[PDB]
Amino acid sequence: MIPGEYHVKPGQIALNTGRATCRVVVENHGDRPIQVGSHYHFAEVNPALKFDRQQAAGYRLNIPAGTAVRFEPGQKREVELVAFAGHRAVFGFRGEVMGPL
Amino acid sequence: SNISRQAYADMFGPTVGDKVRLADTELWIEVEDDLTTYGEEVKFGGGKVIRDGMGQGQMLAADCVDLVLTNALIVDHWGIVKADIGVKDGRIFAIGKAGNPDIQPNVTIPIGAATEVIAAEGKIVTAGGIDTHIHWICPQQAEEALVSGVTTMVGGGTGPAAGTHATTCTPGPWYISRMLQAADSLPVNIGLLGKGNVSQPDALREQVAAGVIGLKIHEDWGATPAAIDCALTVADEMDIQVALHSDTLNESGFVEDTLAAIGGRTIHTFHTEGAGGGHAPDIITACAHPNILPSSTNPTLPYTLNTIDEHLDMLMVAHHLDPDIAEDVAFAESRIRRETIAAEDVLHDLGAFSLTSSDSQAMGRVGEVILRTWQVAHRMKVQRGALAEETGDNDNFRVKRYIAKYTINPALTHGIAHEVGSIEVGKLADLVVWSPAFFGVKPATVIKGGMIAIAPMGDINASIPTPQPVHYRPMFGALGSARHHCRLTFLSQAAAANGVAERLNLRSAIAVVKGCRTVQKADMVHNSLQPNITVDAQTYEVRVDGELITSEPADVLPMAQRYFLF
Amino acid sequence: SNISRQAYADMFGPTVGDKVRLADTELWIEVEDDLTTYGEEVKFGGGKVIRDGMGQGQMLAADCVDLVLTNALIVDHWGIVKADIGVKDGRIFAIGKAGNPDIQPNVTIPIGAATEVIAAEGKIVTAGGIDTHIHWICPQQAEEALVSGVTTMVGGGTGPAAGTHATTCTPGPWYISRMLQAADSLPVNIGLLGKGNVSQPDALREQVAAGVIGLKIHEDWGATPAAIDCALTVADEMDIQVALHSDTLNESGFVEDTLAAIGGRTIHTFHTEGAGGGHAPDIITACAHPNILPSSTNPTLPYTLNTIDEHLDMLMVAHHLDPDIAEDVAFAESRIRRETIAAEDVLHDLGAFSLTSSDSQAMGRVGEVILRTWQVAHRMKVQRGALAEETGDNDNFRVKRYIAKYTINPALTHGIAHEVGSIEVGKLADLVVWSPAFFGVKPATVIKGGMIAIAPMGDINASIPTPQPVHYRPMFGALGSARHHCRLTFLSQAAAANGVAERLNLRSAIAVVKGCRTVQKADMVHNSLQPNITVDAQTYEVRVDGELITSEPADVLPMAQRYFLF
Amino acid sequence: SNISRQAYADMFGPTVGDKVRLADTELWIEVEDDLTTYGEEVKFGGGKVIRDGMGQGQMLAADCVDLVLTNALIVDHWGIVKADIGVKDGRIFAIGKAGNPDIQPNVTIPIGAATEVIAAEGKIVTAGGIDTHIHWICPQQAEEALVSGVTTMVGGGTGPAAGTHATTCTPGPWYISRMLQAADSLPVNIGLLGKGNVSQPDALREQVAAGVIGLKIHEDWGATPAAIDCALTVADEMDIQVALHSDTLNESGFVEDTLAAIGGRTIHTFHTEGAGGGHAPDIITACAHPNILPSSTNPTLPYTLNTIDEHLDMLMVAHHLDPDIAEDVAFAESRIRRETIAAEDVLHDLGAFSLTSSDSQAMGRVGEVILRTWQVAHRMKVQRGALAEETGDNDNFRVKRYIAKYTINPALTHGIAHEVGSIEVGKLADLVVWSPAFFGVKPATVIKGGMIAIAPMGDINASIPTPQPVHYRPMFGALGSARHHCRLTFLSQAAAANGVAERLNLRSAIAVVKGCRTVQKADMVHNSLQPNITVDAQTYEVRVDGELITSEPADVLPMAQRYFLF
Amino acid sequence: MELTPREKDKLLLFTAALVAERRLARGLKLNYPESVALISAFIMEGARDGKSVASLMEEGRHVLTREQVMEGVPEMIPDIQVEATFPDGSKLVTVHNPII
Amino acid sequence: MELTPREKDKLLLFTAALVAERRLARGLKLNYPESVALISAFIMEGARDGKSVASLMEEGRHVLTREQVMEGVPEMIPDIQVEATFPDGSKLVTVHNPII
Ligand code: NI
Ligand code: NI
Ligand code: NI
Ligand code: NI
Ligand code: NI
Ligand code: NI
């Protein structure tokens, strides 16, 4: 007996199903680490991260909500992106879009 | 991508099909539904989801909620579901999926710059409790009840006076006015009961016109057929509720005479089992009638090994009885019956008794209404097994039946369900957040009208709010003008129209009671059973359809020694 | 039928001829009269008398009282009687026989649906105490005094500032206004004293016009003949009282010079014995004059074995004196005289000293005014025997003489007797209920303006109000708006007319002082003696008509170690 | 006549040339000037100077002060001098020589009948502290801070909610209105910060129009260039301040990108060292810019042996981070750097960092802002010796530089210096009296708006205020209406014009913020240094003009174990 | 710990009992408040041990005798009542005439 | 003494720990609040002695074992946190999984 214990049924949860995704190779050319969140508009991340910003337009990291991907200086890696939904309107970040798309 | 169910539960709380143990009881609840879109859950914190352009949108205050409880596991009479809860203008805005419509799908609860966040992942959220049997013996009772998870208190009294020690009555216009004014200082919703024991209608109408939302008929003031008829007549014309504590002495008649005096009119019977007061030994037979809304007070809940022993002296002090006066001790004894006490737990499990209350400091414990209700559920599961209504391998239905006893049913009985009593859109945002390990015992956060009113708080000078000692302390929702804005003082329709709030210069929000005459047993959520119940005059045995109703006394109970320092 | 006297006392409290011991002292009181009709006493509880159609009638609120204290043993300056007390609209309605005129005889206090009940059988009820020597050093003093049984506090101060530490003065319009506003937060009746030490009339008139009900002349601010004359002149025109702490140093003259400066005008002399301040060593000779209303502060009451020893350092701190400065220690010493301290107790017993007060936190204990007054009575009975005025084998007269010292006499002296000070019809219902075993030490209930404001209260979560721990907690009468309605802020006639209450937006009820100039020694109830008293300049011996006045120091006192935890 | 210097100091406090040790530190202050006339000092008490016709004059209230602090040793950014302080209408009237012009020379502060006296001889008096980094997690924080000597609290929050646990934001009009109403109940001056993280201007304008005096940009809500630009644009038009907690993750850019987004506009950078949040590892380089007003939060002050060890878990709880999530623990670690923590103390000593604050219950201790500021000064004197600016054999300049960090500089940064922040004529009388042995640790008296609000108080029932137990208790200035009159609720100019105070029915005095856009680093009193500072990306080493900046961790600190019970 | 108001209230009773305990140990005759606190605290620990209400109602009358308290004290305490969390929840123990 | 609010708050923790201490001494298996108070009070005294934060973070995990507390209690206490005045000022001690 453990007070308030969970009895989670075994298995897995499929995340962001039925949505467009794409893989991109990213490389940190800066001298300081960069960490990106699950819902940040990938195309507007820190300028030191080198990748195809054009392909990442309207996309975010395809990772569980609230988690992140870290890039140490000089680190190169391939990430999977998932397209934004809702109105597909991007406001904020580095102020590059500030509207639909 | 993909994530395992266990890791998922650790991050966002359980989902469909997962079960959770309620505190240290044997009751398990299973998540019935989850209103989220997997991968789009909102989470707040460093580098999380609720950030500008991401989980937070660009809308003005008018188009977003003031507060969101993220990933909450709701337990209410209508379901046990996982969802986000939005609160706007101190009221429940919506139960759904929160976030930013700009980039997320299925958002029904928009989060913007004007939105505060309460992280409920891994927590159970319920409506605030409603205790309708309060004896206003001291103001300290409000904090005790609030800390337990009770946000509305209905009762009567003027302080530690003999009349209030014994009865839930705030006698007359002067005392009623005084208590309505004092109520602004307390962090709970309040409604008052007047003294209904009189055979002159106008003496009752004055009290209702002064502000009471109900009338208490008590035997200590004379629970005679004449007084009962008078109170019910006035109640029928002013749309207020009558609470009854019948003639234990059978002085004016037996239970059948009282029932006849009531004449099919709506009435709330307090402590229907009898120990707290009522026709000896069969007042319990009242739960068979359609016009009777029956409740229990808490000391007899549930039947345990020490129950009987502690009742005699408790009885005496509460009613100003003299242990040296033989007649005084004989009538105290006739109220304490092992037979009816044992049956009461089963009648609750069957839905024959529809409410639980305290009877604060007059044969009842103000901070134990919720706790004892769950102990009864546990003891009943242990003894009787699954209810006929259960579906699946969980106790979901029994949980919905019991939670209704201190939330929606008391609200319906007293005509305040339009304002409080459940987690439904438009109702006042009185919510209680619990950690599963402490469910029903010690809340994590108590919210009143959209503001946190009390919560456990650690060292004030610490670097974080968690360091010891951690104990319950009043928050901003319990302070001055913010409090006034987050609590309600309930008035009768007549008082509201008479301008009582303006005359007394009441600072809190005002709510009016209505629908007290039209509620009947059939309206009690999940607790509408009207059994063919009988009590043996000699043996006191309780039978339903001829079968004997009984249970065994507990030697040890959950939600007890594992949580309390004393 | 018939009932034995003992059984009768156990049920309804003592009656005519029965005697009761006051706490653990040697003082016994005998019931002088009983206003009941045997067999028709009202009692509340399960199956008792106060029930519909029985002890409770059918009248509307306007025709019955709001509260009744049943079977109370009243102890007041006018008598020690057994009766029911009716309270209506926050004021004393009547002292008589309560019940229902419909079936009972001789009912003068009608009980109806609008009536609350306080059971006083076996209890002693007195008026609330009045302390007229308060130093507003901290707000916590009000709760301490209320718990002791004192319901009215007159004094001055602005908090823990040097000026207030030493004197009872709220200096000027700004501080006066601020303290009047702060007073709404305290559960006692309050009246303020301004700084009367000035030789410019207008500087005093401003303070009176701002709200003070009196002016304190203190030596620390210069108690010179000029200042004294100025204050008395303004007092004579504005109908306010002057309290005096004379020139201990004899710097401007001796006691005869001060008396001459006073010139036969009414004045209240604080701590007339001298230890608390005053012409050394003969300030005590003031009690011989007709225009002097003399009081004592409490540390010297009564003369005990440890009295002298504790006074020196107490003196120093209270007046900001330097123990390294020879002149500072010499003048501290000249104030502490065994001779005058011993005489003071006897002068109280004779009625030469008419009031007792505290001198809170400035050479006095705020929670010990009542307690010490009774200890003096005990020590005097033990030493001097029965007073010449005693009739019968009881201490009734000595009890009436001493109770007047902290109730009616302070009220008369300060012009507030029309509102408070005794249990008489029309006066504010400030009452204190005591159990005989704890009389003068720890009250059972303290009532302010018709509402219970503080009382001992047990476990808040308990099934009854009696379980431990039991300690004093604020009740509804001490809460927000109910408090405002149950307390009084006393103002000078000029302030009342100037609209000070409206300007400062005072929330509490307002009362005006009057009759401060016309009271004289002859008006002090049971304490109007003007003895031909003399003090020997060299030996400090006090003599009245040539006979030496003195007493012996107590080694042990009642109302001490048997009741307190520390 | 003549008097020795030692005897003089014992009676009136030190004078020109005398030195005093600050608590148990190695810091000594030397009296720079004394505004008295030897022989004419005012002293209150039995037979002292402040008496009618002597040190007290005949003027009306309008021509004399309401309160005088006699013989005070003032420690402020402008000087360390001995003088009398006059307070009139809740504000600082004058700093000079008090007394009666009728018989004394050079009197600039007239004492009359309307004057209260606070004896400050032998005591140090300072302005009340101002903490601009408050997380309104619980109301109890106000008493903790007031007791420490902080009289103004600027921050944001709604209670113990996740959003407030992590950020100083009161989200939107509803919560802002609620907190403004709750603020009337607290005994400190209050100003609120709204959530500035949005890229839609109108969502910010609504919050400012609702009452906030500033906007907090926090990384937990998204500290992106777009959000930062938006907040600064609105700040520039509404004259409110912006407080920044930058993007630690370097997610949107590095420190140079944020600085570019700021674009030379005025901004207050919270915890500029970085442990509390900010671009890793070089957020500290911001102190080089003219438009940046840099502050430190208190847990890293000063660098001690246990500093690093306690930071990791503190970091996690404050930001809702998961220790099981690798990325969550990696970013927590990158914030804790021995290199920047050691450099921070030196940067304060040099005047590169201009403010100290708490970061209450979210990586900061509310009652330790003052205490830690002095511990840093001590550790810096011990390590670096005298500052280049010191004159004479004392630490006067270092003392003026450090006191400015929690008084005038925070006031300037937030646009409230016209009301509070220093002891200058016309400013609100928020003063703190200290005994030299307890300087910066435990105050003797805390004055709010001319009234004592909290102070150590002994036994309430004692004969004097000094007997044990002595602990901090609320005084009259913290009570009801007196409190409202002695505190300020700061509003934005827009809110003031919109009638927010009338609409919400705010009872306290209102003050408006102004001059938030025009302050720059050069305006910070004694702390205007803009060093050419660099941080090594790999080693984290901090260098100014190429030289390495560092210090050694303390094993033992003053103002610690000698004063606290726990 | 998450101490509720009632748990904190009982800490006052426990502390009051520590005071009495030390005094009884010195050989002093206990006064009114000391006696009430000592017997009350005794009952609370009994409940923590798992004793029944019935057993405590009896045992409580044997904590202090008339010779261990001041004169008049036994008569000032006709009964003592205290509640505590028993294994089966909160229960009320009433000890009649505890001192004899 | 001039006790601040925080010093008075810690007196509550100290007293709660005295209760637990006496019960542990009787041989009872401690409950949730008793366990938290006992370990917390232990750490506060450690700081008064002059022990480092690092040493206490370790020592705190050896005050109570799984066999000295009630079932489920170890899982109800994933960590304990308390602050006290160390020789170098106030510091926070966090003891992870104190009971094993
Ligand atoms: Ni009842
Ligand atoms: Ni009841
Ligand atoms: Ni005096
Ligand atoms: Ni005095
Ligand atoms: Ni921050
Ligand atoms: Ni912060």
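Labels below follow one simple rule: chain letters A, B, ... track the order of the sequence lines, proteins then strands, and each chain is numbered from 1.
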Quick check on B/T167 against chain C: is it the side chain, the backbone, both or neither that has a heavy atom closer than 4.5 Å? side chain

Spacing of OG belonging to B/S185 relative to CZ belonging to C/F476, to within rounding of 0.5 Å: 10.0 Å

Scanning both residues in full, the closest heavy-atom pair of C/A113 with B/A203 reads CB-CB, 4.2 Å

Contact part of B/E327 toward chain C, heavy-atom cut-off under 4.5 Å: side chain, backbone, both or neither? neither

Side chain from CB out, backbone as N, CA, C, O: work out which of these in B/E144 comes under 4.5 Å of a heavy atom of chain C, or both, or neither. side chain

With chain C, the option among B/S148, B/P171, B/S177, B/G159 that has the most non-hydrogen atom pairs under 4.5 Å is B/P171

I'd like to verify something: which residue of C/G450, C/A455, C/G53 has the highest number of heavy-atom pairs under 4.5 Å with chain B? C/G450

Where the side chain of C/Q56 meets the backbone of B/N197, is there a donor-acceptor pair that is under 3.5 Å apart? yes

Taking the side chain as everything from C-beta on, heavy atoms only, tell me whether B/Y175 gets closer than 4.5 Å to C/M451. yes

Which pair of non-hydrogen atoms, one from C/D52 and one from B/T224, has the smallest distance, and what is that distance? OD2-OG1, 4.0 Å

Quick one: are B/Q141 and C/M457 in side-chain contact, heavy atoms under 4.5 Å? no

Reported CG-to-CD1 distance for the pair B/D220 and C/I50, which is rounded to 0.5 angstrom: 11.0 Å

Winner by heavy-atom pair count (cut-off under 4.5 Å) against chain B, out of C/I447, C/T445, C/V117: C/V117

Pairwise distance CE(B/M316) to CD1(C/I464) - rounded to 0.5 angstrom: 11.0 Å

CA sep, side-chain torsions, deciding dist, call: C/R51, B/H218, side-chain contact (heavy atoms from CB on, under 4.5 Å): CA-CA 9 Å; C/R51 304 189 289 150; B/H218 203 285; over 6 Å; no

Contacting moiety of B/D184, where chain C heavy atoms sit under 4.5 Å: neither

Distance in Å, B/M179 CE paired with C/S481 OG, rounded so as to fall on 0.5 Å steps: 13.5 Å

Looking only at C/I452, C/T466, C/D459, the option with the highest number of non-hydrogen pairs under 4.5 Å against chain B is C/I452

Chain C contact via B/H165 - which portion, at a heavy-atom distance below 4.5 Å: side chain

Could you tell me whether the side chain of B/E206 and the main chain of C/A61 form a donor-acceptor pair under 3.5 Å? yes

Which pair of heavy atoms, one from B/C138 and one from C/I460, lies closest together, and at what distance? SG-CD1, 3.8 Å

Any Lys/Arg nitrogen of B/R178 or C/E116 sitting under 4.0 Å from an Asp/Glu carboxylate oxygen of the other? no

Can you see which heavy atom on C/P465 is nearest to which on B/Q361, and at what distance? CD-O, 3.2 Å

Structural part of B/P299 lying under 4.5 Å from a heavy atom of chain C: neither

For chain B, which candidate among C/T115, C/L69, C/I118 shows the most heavy-atom pairs at distances under 4.5 Å? C/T115

Any donor and acceptor pair, going by atom type alone, linking the side chain of B/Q140 with main-chain N or O of C/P474 inside 3.5 Å? yes

Answer yes or no: is there a donor N or O on one side and an acceptor on the other, between the side chain of C/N461 and the main chain of B/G367, under 3.5 Å? yes

Where on B/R205 is there a heavy atom nearer than 4.5 Å to chain C: the side chain, the backbone, both, or neither? neither

Working to the nearest 0.5 angstrom, can you tell me the gap between C/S463 OG and B/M363 CE? 8.0 Å

Would you mind telling me which of B/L249, B/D202, B/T158 has the largest number of heavy-atom pairs within less than 4.5 Å of chain C? B/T158

So which of B/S360, B/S358, B/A210, B/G222 has the biggest tally of heavy-atom pairs under 4.5 Å with chain C? B/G222

Value rounded to 0.5 Å, distance of CG in B/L504 from NE2 in C/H485: 9.5 Å

Applied to residues 42-63 of chain C, the ring-ring contact (aromatic ring centres under 6.0 Å, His included) test, sequence neighbours excluded, yields B/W221-C/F44, B/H320-C/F44

For chain B, find which of C/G47, C/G90, C/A7, C/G477 contributes the most heavy-atom pairs closer than 4.5 angstrom. C/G90

Under 4.5 Å to a heavy atom of chain C? For B/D247 that would be neither

Would a 4.5 Å heavy-atom cut-off, applied to side chains only, mark B/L186 and C/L479 as touching? yes

Given 3.5 Å as the limit, does a donor-acceptor pair link the side chain of B/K195 with the main chain of C/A114, or not? no

Examine distances only and state if a side-chain atom of C/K48 and a backbone atom of B/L321 form a donor-acceptor pair shorter than 3.5 Å. no

Report which part of B/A318 has an atom under 4.5 Å of a heavy atom belonging to chain C: side chain, backbone, both, or neither. both

Heavy-atom pairs under 4.5 Å with chain C - which of B/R507, B/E368, B/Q207 has more of them than the others? B/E368

